[PDB]
4 protein chains.
Amino acid sequence: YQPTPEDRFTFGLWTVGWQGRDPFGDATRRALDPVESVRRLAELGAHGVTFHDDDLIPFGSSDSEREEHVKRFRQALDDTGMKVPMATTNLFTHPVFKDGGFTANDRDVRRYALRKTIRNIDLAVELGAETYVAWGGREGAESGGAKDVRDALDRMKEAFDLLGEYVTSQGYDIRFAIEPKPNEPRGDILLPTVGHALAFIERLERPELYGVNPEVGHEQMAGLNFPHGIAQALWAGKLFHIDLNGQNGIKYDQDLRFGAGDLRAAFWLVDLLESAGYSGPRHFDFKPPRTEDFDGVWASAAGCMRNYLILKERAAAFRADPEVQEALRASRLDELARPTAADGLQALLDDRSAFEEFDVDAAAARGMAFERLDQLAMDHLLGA
Amino acid sequence: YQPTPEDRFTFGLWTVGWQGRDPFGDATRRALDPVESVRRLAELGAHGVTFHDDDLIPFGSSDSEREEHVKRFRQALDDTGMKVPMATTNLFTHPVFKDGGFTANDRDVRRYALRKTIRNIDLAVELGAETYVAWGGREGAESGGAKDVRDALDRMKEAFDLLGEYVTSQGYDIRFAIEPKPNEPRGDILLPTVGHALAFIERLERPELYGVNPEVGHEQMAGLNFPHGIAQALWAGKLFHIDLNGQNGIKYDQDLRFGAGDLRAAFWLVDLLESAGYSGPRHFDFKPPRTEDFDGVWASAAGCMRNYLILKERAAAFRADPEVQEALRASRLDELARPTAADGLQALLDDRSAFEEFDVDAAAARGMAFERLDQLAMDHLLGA
Amino acid sequence: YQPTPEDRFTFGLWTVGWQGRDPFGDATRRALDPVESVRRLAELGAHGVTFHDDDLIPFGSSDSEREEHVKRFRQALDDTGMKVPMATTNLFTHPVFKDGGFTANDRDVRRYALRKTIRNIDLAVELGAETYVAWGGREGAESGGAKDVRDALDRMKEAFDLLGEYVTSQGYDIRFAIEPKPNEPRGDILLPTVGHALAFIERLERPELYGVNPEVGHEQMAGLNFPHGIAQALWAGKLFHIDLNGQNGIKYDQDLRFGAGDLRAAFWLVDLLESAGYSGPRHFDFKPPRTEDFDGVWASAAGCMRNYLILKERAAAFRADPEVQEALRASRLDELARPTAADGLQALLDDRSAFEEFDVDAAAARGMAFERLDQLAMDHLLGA
Amino acid sequence: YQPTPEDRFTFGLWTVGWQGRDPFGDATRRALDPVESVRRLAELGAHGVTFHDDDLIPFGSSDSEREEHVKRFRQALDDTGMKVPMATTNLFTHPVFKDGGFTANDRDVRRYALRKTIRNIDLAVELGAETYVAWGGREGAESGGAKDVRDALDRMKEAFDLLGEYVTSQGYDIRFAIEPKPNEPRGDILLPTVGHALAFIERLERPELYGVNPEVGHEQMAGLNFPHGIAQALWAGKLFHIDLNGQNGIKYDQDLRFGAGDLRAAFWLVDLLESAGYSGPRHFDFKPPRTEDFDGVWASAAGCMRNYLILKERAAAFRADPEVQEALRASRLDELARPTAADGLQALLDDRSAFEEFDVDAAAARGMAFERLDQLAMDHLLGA
Ligand SMILES: [Mg+2]
Ligand SMILES: [Mg+2]
Ligand SMILES: [Mg+2]
Ligand SMILES: [Mg+2]
Ligand SMILES: [Mg+2]
Ligand SMILES: [Mg+2]
Ligand SMILES: [Mg+2]
Ligand SMILES: [Mg+2]
């Protein structure tokens, strides 16, 4: 289960670089130089790294300092072969964003948020990023009157439309991915789930430029089925990117290493991604727990990739197993993939076997055989 | 706080008619004749009733029995002035639907589900219903392999597209409303939230025919902010109908009377519905707790309407209060409603006050004054 | 992974016998004769069965009918070698219990509840049960004023104290196990978690007669860590019985087969039970999903046992692995088991190395190496 | 609704002093001098303040610096009349506590944790505190193998037993209150609920010295009914202290101002506290949202007290209302308070009206009238 750059595993600078500050505790780890993280991640078999602007260039940096930070980073990329497939903007850490970036009540903040984003889009394109992620972590509210959500969605649409106009005007070959999260750090975050983000995208001026960057743990913070949400994103043609991690149910955003948290959901996710031929980066947005020293950081990052590869093997073995293929037919997964009424509406209406002569009791008595199928899945997951 | 038919309060037959059977207990109340529920609800000030096909016509009824059940119902409507603004299909109670209706793995069940739906659409139109609700309570899964969600969404789209073709072909002036629910009775239900349903609608052949019928408790079963979800539905122009009830957080679907559960969310919901001028029925999908006898049933139904009317008064007083209007300006809700960059992208890019000369620290120091605003909201809610 | 009666796997009659009625659907399976379930479970390798009174003897049965039902059951036990290690009372299905049994507001219902319980205690003892489970599924409330919880706890204590007096007065060698559940079918259930039940037991007149019967899914309905709760029950010496099943997070009580739901929690549970030498029955309180026919029922029941046995193997391999034993030392699990201050309070107070001369920064820099340990656990779970 | 020191409202220094650092953002507010918070809180009508050691004395302070910080604080208390009813230890912020204080795997850390606690107990007693709170926020785990919970409970018991020995040996008139929290900042925290803490206390050497300090939001992070948990704590005689705040369901610990979050739960809490004659401090453990400037901080703190006082008025009006008193009798709350079987076990067994002659159907048909009662409660809450 050794990862290669072929597997397209990517990590955010902020992931292995998380110093371990949480709402109740100081940092337990010193800051990592991005150059060192690139080197270490390349040694582990990562394909690339991702960054917020403020991960790479400290907020408030001069243009010459910005120059220097990028050149050092680019040299590390050249030295390692690491790619930068995705970049994003930090519109959540600085106090100015305390009420949001794109949907801050203050108009001048929203304008600043856009300008900060645009500057990093240019850098992202320069570094070869194909996807630009937007996580509006501060877009939302703790109280009902603070945020008229219709106005805020107007502002959110306006911001994304202007970004789309910007990338079009520049001829950039980059697409946007909206990363939903239901809550934290705001009491409720706008576009809280994959579904809300998908629906929002359809109201943008150029919907083709926008997809979703769902995160395992974020959908699970709403108790939702992450593979189901990913399937809907795939069905819509909008799975531009994905954030992999672990989460133990409905609580604060844990960002455990991938495979931790809901392991069976991870299995079904990998099954779906591989079956659907998802070709984008397998990006880990995780935090090595603050209990860990730097050896634990790299162990946790390695485990992200290891668990993906183990689940990939098990999911492939599951789907390739002739006994499973028979069980899938026994459960009529093949019939699910057949049109209900390719014969059309009138033929359906005239079809007495569909209603007047339909034996509802004989159909009702047919067991779905889902439990045998699921135990085969369990056996495959466990290597049993 | 006396409701009138003007207030458009509607109730499902299955609500006050719930006999109190839950997963662990037998019925505590005898069945209600729909005619009696119409009469009793009219006496309480309801505007109308809604029904599943199987609420009104017992499953398996002959055409003559169906005739008789409808005529008796129509006479009660004529006797009371009650309307039927919405109807829906029971595709969840009968064992034949144990794996779904529209997305059952068995093709013959999916065809039956459509035929059962179409027959009730005709009846709905005959009775004057403007909205036809679809709650796919059995569409989903308990295990990952039982349901290929992409195929299931194909089947769901196919079903809704055929229904849209049917109503168009018939010239019916009826629209569809998809009612999301995250789980229960399936382990996960497809289209689990308002967002997922809104996104799905955009992939239908005639999206204009479809909106959402969100339910308070259902979004709260995912820990989501129901007023936020309603605002997004309104923003999309898709709030065709709404189900009002109460829910105490993330657990089984309680269907408490409206105002029970999350009371402040109910306040903000009423505020939003009234502010946005939502003109559809205020429909209660609730269950009088099985502790109650029939007097408790009507008390609970009356309380649904009473609580809406109290919250409506309090929300109106909140918005009309000049001190609140000043607080809203203090929190810059007015600025939220102003375009971020009506001057356009180039003007934004050339605007040094938006970035180079933006004083981020002075902007960051501005308090949002949300807590004063929210306490005014609290004072208004409590009549303090 | 073939179960034997040695493994002490037990099943409730109501589990494989669940007809599949849920809040939104009719039964999908015919009733099972308890005699057939005993036979079928014995064939699968079960050790025994458990029952509510009303599972075995239909409510309202005459004494001669009761006689006949028990004799038939006893013959099936004799025919199969199956034991009955646990019995319990149905104080939740009949409408009379709609507000509880032991804590119903109506005094006459509480007296009936006790008499119904006592009659089944006699039968339980006759059939050889060692543990008598109490699941107060109806003890609770949907609204705040319906139930004064202090009075209800008084009534609950009174009921359990009288049951303890009864078994003592009769010389019965049976102990009681309180089964907590946070909610469903009541909006909130009294004694909602293992902790609340453990705390309550300490206020009973004869605490030694009472322990807990925690259920995997029930603690997970509160988002709690089930192995942690079991560890506290073991630490208290109160793990008299355990209900094994699966649950996908905070939602309605799914009662999935064991190993489904949170698989890693199942691993850590089995690890703990086996490490602690828990010698009681491994009881499955699960429901074969109503999608299933009877073949699916027995497949699901078999999978309960299979998954326990697989996890048992993996947990044993984990603990036996010298690399894991080294990792446990690296994470200082050995130091956790050493007393903090066996030298006593005064020695601690005089120990300058414990404070004045304690190098907090050197201690803080020590990584816990938990992530390497957890990935070894993952590798062992997955057979990697 | 003006608070007076009579109302015993207390605030932690860390509450109004929270600088607004959250997992995704920097501080939005400058640090508050504790002297200024005491002054400002006294002006608002607070009765007193509480503190962690590290709130009052910066970690690493010299004895002379510690001297100075305490003297300045004591002068502010003398200047304002403010009391310090409760103190606690910060065993969670410093990196040394990353795996816990009392249950850290490292023995030397556990010894340090105790010594740090003992030093602050002395200061607490000097300042007049009656209750010493222990919130073991770092006691727990993110992974199953990191923490043997039985060993950890041994260590937790050992620590609390040594603290009890210490206060006894010193003759201090102070009691301990364990503050449960289910999770955050650890993935799972030991003693996660009021129930677990109550059960744990019963295993301590001197249980009479220990009670619970439940927090509204913490129990609601497990989806539990906070008034129910408080009632059990009162029933056990263990409600030594209480932390009041608001929480919107199962998510990260919001620490909203009291009355925010679940408003009806706040109503029922106040009803219970006032009805039971709880005489301890009404302590607010809340965080003014980081959107706020200092005016918003004091507005939020004032709203804590205001909402308590409004709910107190409404709960008193509810209980004093003769129509409610009649409704309580209609729902048989009076019968709930009567013993089930004061006549004793034998009389119960011989009572044919309790079983053989009990009319279960007539009892079952009696409505509980809970919905009318709850709507009266709603009307009273809303001032309707
Ligand atoms: Mg995350
Ligand atoms: Mg992410
Ligand atoms: Mg519902
Ligand atoms: Mg509904
Ligand atoms: Mg259960
Ligand atoms: Mg159970
Ligand atoms: Mg808190
Ligand atoms: Mg607290």
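For the numbers below, each heavy atom of this structure counts, side chains included, while hydrogens, waters and symmetry mates do not. So that the names make sense, note that chain A is the first sequence line, chain B the second, and so on, each numbered from 1.
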Between [X] and [Y], does any side-chain N to carboxylate O distance fall below 4.0 Å?
X	Y	answer
C:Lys147	C:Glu139	no
C:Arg264	C:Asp374	yes
D:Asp99	C:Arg366	no

Most chain D-contacting option - heavy-atom pairs closer than 4.5 Å, from [options]:
options	result
C:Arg332, C:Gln346, C:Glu371, C:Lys157	C:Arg332
C:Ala327, C:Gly344, C:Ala276, C:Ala369	C:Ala276
C:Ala222, C:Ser169, C:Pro339	C:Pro339
C:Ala341, C:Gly187, C:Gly195	C:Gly195
C:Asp334, C:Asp188, C:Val109, C:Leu114	C:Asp188

With rounding to the nearest 0.5 Å, note down the distance linking [atom1] in [X] to [atom2] in [Y].
X	Y	atom1	atom2	result
D:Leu345	C:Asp161	CG	CG	11.5 Å
C:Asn183	C:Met221	CG	CE	4.0 Å
C:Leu163	C:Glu158	CG	CD	10.5 Å
D:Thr103	D:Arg155	OG1	CZ	10.0 Å
D:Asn105	C:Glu335	CG	CD	8.0 Å
C:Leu162	C:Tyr166	CG	OH	12.5 Å

Of the backbone (N, CA, C, O) and the side chain (C-beta and beyond), which part of [X] lies under 4.5 Å from a heavy atom of chain D, both, or neither?
X	value
C:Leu272	side chain
C:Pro180	neither
C:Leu348	both
C:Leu153	both
C:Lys116	both
C:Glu165	both
C:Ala342	backbone
C:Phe200	both
C:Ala337	both
C:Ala197	neither
C:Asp351	both
C:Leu328	side chain

I need the residue from [options] with the largest number of non-hydrogen atom pairs under 4.5 Å to chain C.
options	result
D:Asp343, D:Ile189, D:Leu190	D:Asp343
D:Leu336, D:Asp151, D:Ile201	D:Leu336
D:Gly140, D:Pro95, D:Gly144, D:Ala159	D:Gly144
D:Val149, D:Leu373, D:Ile118	D:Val149
D:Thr340, D:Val324, D:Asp106, D:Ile250	D:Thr340
D:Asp271, D:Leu376, D:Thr193, D:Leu349	D:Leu349

Using a 4.5 Å cut-off on heavy atoms from C-beta on, say whether the side chain of [Y] contacts that of [X].
X	Y	value
D:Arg186	D:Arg138	yes
D:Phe59	D:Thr93	no
D:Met156	D:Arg203	no

For D:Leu91 and D:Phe102, which heavy atoms make the closest approach, and how far apart are they?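 The answer is CD1-CE2, 3.7 Å.
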
Considering non-hydrogen atoms only, spot the tightest contact between C:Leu333 and D:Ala146 and give its length.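 That would be CD1-O, 3.5 Å.
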
Looking at residues at least two apart in the chain, or sitting in another chain, which of them share a side chain to side chain donor-acceptor pair (under 3.5 Å) with D:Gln170?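 For D:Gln170 there are no side chain to side chain donor-acceptor pair (under 3.5 Å) partners, ignoring immediate neighbours.
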
Not counting sequence neighbours, which residues clear salt bridge (charged side-chain N to carboxylate O under 4.0 Å, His left out) with D:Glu219? List them please.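 Residues passing salt bridge (charged side-chain N to carboxylate O under 4.0 Å, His left out) with D:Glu219: none at all.
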
Which residues, numbered in order, of residues 354-364 of chain C come under 4.5 angstrom of chain D by heavy-atom distance?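 Interface residues of residues 354-364 of chain C: C:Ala354, C:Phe355, C:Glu356, C:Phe358, C:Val360, C:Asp361, C:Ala363, C:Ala364.
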
Extract all donor-acceptor atom pairs below 3.5 Å that involve side chains of residues 226-236 of chain C and protein atoms in other chains or at least two apart in sequence.
unit_1, atom_1, unit_2, atom_2, d
C:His228, NE2, C:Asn225, ND2, 3.4
C:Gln232, NE2, D:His196, O, 3.1
C:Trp235, NE1, D:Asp154, OD1, 2.7

